[PDB]
Every structure is written in C-alpha cells, then in structure tokens.
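First comes one chain, alone, set out as structure tokens in the form deposited in one PDB entry.
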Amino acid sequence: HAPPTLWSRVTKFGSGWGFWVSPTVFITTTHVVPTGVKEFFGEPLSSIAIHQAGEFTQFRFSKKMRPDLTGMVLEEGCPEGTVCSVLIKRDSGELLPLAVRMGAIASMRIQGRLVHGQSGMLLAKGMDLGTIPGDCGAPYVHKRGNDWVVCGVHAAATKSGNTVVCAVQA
C-alpha cells in the first residue's frame, strides 16, 4: 500500500512519467525523455548529470527540485519472485497500483531493440487491469521492512497485458 508521499514522487514527464528517488535524483524510461530541449523542469542541462544505461535514464540535479522528499533505496531490479507494485498514474488523476510478480532480469527483444530489464506477470486487457500507452516511466516498487525500494521503470507490455517489462539500471 504505497502512501501518498510515495505517489507524489510519480511525475508527468515527456511522453510518460518519471520518479523522484530523492530531492535531486529523477529516474525515467529512456524512450519517453524529451529530445532537443535545453532544460528539464526549468534547469539548464549544464546543471544536470545524466546517466543512461539502455532504457533506464537517471538525472541528478544540482538544485534540490523536491526538497520535501527523503532519499530512498534504488536497486538494479529485484529477485525473481518478488511481487512489486507498479505505481501507475493516469492523466485523469486516477491511481492504478498494479501488483506484479517479477521474473528474471534479461536482455529482451522489444519492438526490434535489445533491452536490459525485467519481466513480470500481472496478478488483463478485458478486465482493464493492464498497462497502456503513456504509462512508461512509472516506478516498480516494493517495501522491505521499513524501507521503500524502487527497482525499475515501466517500459513495455504484452498484447495480453498479463506480462509487463521494466527497465532496470546497469
């Protein structure tokens, strides 16, 4: 059960979403990142460290962008069998936390590209329980004791919607 403040980290970005890991660290899916710009959130690129690894993009800002937030655990995927929550925001404002049992980390063929990431099985289309275009960047999270953990960003899903894929950091 993700609390309000954790959902407040999910942020509209480009053609999808991203997620504030900390006041200065923002993660998203590479294919939703806007191209051609000279700023993100009003900050000049000169003021932003960009780390990209495949479909996982991480920004570190020099300015505290979300000073209301604490840091949190960011991990490179999760162990097979982990049930994560995908914190899907829709543009209507509706929240759709999607439970997903994560499979193996691998390099997957997706729309003709090789992508490092992690598949998962929803716990779909006909029951409108799945992901849809515009959801990319939404965080995959789980709680470990008193620690919230983010471990991927939404990147793709099957025709059925019963299988999703997150990008994971290198």
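Only residues modelled in both forms are compared. We call the rigid core whatever largest set of C-alpha positions still superposes within 1.5 Å between the two forms. The numbering used is simple: start at 1 and walk along the sequence shown.
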message: For the other entries of this protein included in the comparison (both sides of the residue modelled), is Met121 absent in a third of them or more?
response: no
- line: Per the record, the count of deposited residues between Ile50 and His51 that have no coordinates is none
query: With respect to the recorded C-alpha B factors, which stretch has the higher mean value, 159 to 167 or 2 to 10?
result: 159 to 167
task: Identify the stretch, either 59 to 67 or 98 to 106, whose C-alpha atoms have the larger mean B-factor according to the entry.
output: 98 to 106
Highest recorded Cα temperature factor - choice among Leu114, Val141, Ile27, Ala138: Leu114
- line: Of the three thirds of the chain ranked by Cα temperature factor, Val73 occupies the middle
Chain-wide C-alpha B factor ranking for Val83, given as lowest, middle or highest third: highest
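A second form of this protein, the form deposited in another entry, is not displayed here; the remarks below concern that form.
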- prompt: Has the Cα of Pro133 moved 2 Å or more between the shown form and the other one, judged after a core fit?
  reply: yes
query: Relative to the superposed rigid core, does the CA atom of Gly16 travel 2 Å or more between the shown form and the other one?
result: no
- prompt: Would you say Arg113 moves its Cα by 2 Å or more between the shown form and the other one, aligning on the core?
  reply: yes
- request: Once you account for a change of 3 Å or more, let me know if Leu129 and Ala157 sit closer or farther in the other form, using their C-alpha atoms.
  value: closer
message: So the CA-CA distance for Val150 and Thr131 moves by at least 3 angstroms in the other form. Closer or farther than here?
response: farther
Segments of at least three residues whose Cα atoms shift by 2 Å or more between the shown form and the other one, after superposing on the rigid core: 112 to 114, 124 to 135, 159 to 161
